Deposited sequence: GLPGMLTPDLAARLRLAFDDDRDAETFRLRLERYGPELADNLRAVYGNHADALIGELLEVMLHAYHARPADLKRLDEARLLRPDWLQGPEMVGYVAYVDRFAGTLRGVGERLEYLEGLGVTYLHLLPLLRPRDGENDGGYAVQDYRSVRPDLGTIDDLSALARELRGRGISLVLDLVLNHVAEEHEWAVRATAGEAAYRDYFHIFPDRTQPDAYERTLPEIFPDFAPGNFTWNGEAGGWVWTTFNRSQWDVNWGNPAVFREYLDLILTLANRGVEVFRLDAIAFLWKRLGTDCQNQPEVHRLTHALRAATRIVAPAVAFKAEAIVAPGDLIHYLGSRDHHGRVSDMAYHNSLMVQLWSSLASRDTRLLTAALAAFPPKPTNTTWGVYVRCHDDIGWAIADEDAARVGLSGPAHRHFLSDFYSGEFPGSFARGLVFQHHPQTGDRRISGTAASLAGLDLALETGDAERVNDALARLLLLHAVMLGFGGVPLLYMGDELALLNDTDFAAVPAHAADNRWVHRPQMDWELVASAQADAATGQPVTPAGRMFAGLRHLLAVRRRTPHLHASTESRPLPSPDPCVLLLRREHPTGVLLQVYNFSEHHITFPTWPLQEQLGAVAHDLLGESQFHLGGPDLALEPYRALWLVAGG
């Protein structure tokens, strides 16, 4: 067609110069020869792209903020732990749609079909894609061990280790006087496992290969790519070989190319680093909003559990205030739990600003969520003990960490009520923060720890399987005036989701900003959306607070309307009561 060729030409006149500039920046004179190749790869991908996905492309060019609407609800789940295979996932879609899920992150023909059904139900397929490394059994590695100098340059090989221990000087090692480093026998760069060979992004061929991979995967129906291990993909002598600027230039290139071939897809950078480093993944300088679309808001999560544990929200507001503003076209992925463990990412400066320490607060969080603290409701486990810092990762479901696990074995209805209120609180903060909320599978049923995880020998070692349970669809069907804990959690969350979908204020474009509070137990989050100021109030304690109305008064006026409880109260009277773990979404009433 002439229309398709013209469309492609227009997109290339748009995003082309971005793409060319970044490639010439990191490949120099090798850029031209690569550009000509990528042109062919893009053209092949573009003309092979199904018509319905082209319609999706056009649609997403009409709505570039599709990830930002308050209607977006995420759902992260292992494929086998959810429905065995992809076909079963296809068989369990009325449930997801019943929740309101539009963003389905599936953790690692059939896939194409599943994507088709998903789009049919208005759900975006989200897949992991590792950008840093491939297995040793992968084609490139096998071809490399065959002696082909072409496929050996896809990696980092070395004759004598005069170069390995040259990098190892600036490379962070888990232990000093030892050597569980980042190399494997020539000498092959292996930052993670012994069988995970790192790819050489200094070679244009691997860029081309990865772009082709992204595009064909996009043509299968994948709408959002979680770029796994994106921080390590560039390596430079004399550095930690992490978070290098070349990473963001390469990401910008990939992104532009994809914005030409497939406008409908988006990137979600998987990078669990400090905020100062993380903000670059949403693009700084010339990369501003021109790289990955999403990034994880890990800080909000660790601060959620932190504040829930300490009943004090000073550190949370502190850490949020020192958090850099994102480009308005990018969207945080927000969450309460996930497949991974919990690393207490707390800045010593953040703690210092609120008159705390840091290492002792990390010690606090670990002691609490492992169950060693007097008056702790947490029923979590210890995943790993950090070698010299002494930090501890914590495994456990949202429900067990929030106190329901302990509540049930000790049939105290008060403890149960409190636990459910805590969980609904956390989920309420997430759903009203701004960004696609990533419901971890099972949390809507308040799933408890799967302590029989050791029954599977493969899961026996890694105790993170205590919070990676198999989906019991009978439990699901039953939980679906609730009396069952799972039913009550399901109901509460359904309500929260409805209220979110309504509220236009929660558009991800506008960021939640922390407001100072008279009461440490109360968290105030201001969202200044064009339609009105949305003031969120949260009681992070089990106390019945008598809160002053003035902080609300000078924000919303004399009358306030609660979106969550459909209530409407006056802000003149000096005080109002906050019941344990109450959550308010206030607007001008």
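According to the record, no C-alpha positions are given for deposited positions 1-19, 128-155, 233-237, 533-538, 648, numbered from 1.
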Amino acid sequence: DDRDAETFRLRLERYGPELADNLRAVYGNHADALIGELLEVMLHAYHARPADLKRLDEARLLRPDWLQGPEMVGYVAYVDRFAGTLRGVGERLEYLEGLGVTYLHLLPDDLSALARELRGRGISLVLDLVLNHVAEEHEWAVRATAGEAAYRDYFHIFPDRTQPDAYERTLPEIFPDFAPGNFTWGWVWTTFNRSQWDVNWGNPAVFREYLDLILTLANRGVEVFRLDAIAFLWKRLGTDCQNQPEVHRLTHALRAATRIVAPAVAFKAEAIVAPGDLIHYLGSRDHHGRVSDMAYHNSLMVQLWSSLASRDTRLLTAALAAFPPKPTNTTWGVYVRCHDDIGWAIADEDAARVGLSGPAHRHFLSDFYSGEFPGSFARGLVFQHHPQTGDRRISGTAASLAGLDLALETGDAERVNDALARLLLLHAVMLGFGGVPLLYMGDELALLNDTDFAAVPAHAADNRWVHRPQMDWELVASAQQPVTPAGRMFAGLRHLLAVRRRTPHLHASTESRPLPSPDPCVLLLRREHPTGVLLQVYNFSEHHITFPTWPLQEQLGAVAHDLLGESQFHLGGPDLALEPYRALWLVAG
From here on, numbers count along this sequence of modelled residues.
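Across the two stretches, 452-460 and 429-437, the PDB entry reports the greater mean Cα temperature factor for 452-460. Comparing the deposited coordinates for 579-587 and 2-10, the stretch with the larger average C-alpha B-factor is 2-10. The PDB entry assigns the greatest CA B-factor among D519, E444, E91, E97 to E91.
When the C-alpha B factors of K326, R226, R513, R392 are read from the deposited coordinates, the top value falls at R392. Among all modelled residues in its chain, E566 ranks in the highest third by Cα B-factor. Per-chain ranking of the deposited C-alpha B factor places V302 in the middle third. Remark: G396 belongs to the middle third of its chain, ranked by C-alpha B-factor as recorded. Sorting the modelled residues of the chain by their CA temperature factor places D212 in the middle third. Per-chain ranking of the deposited C-alpha B factor places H361 in the highest third.
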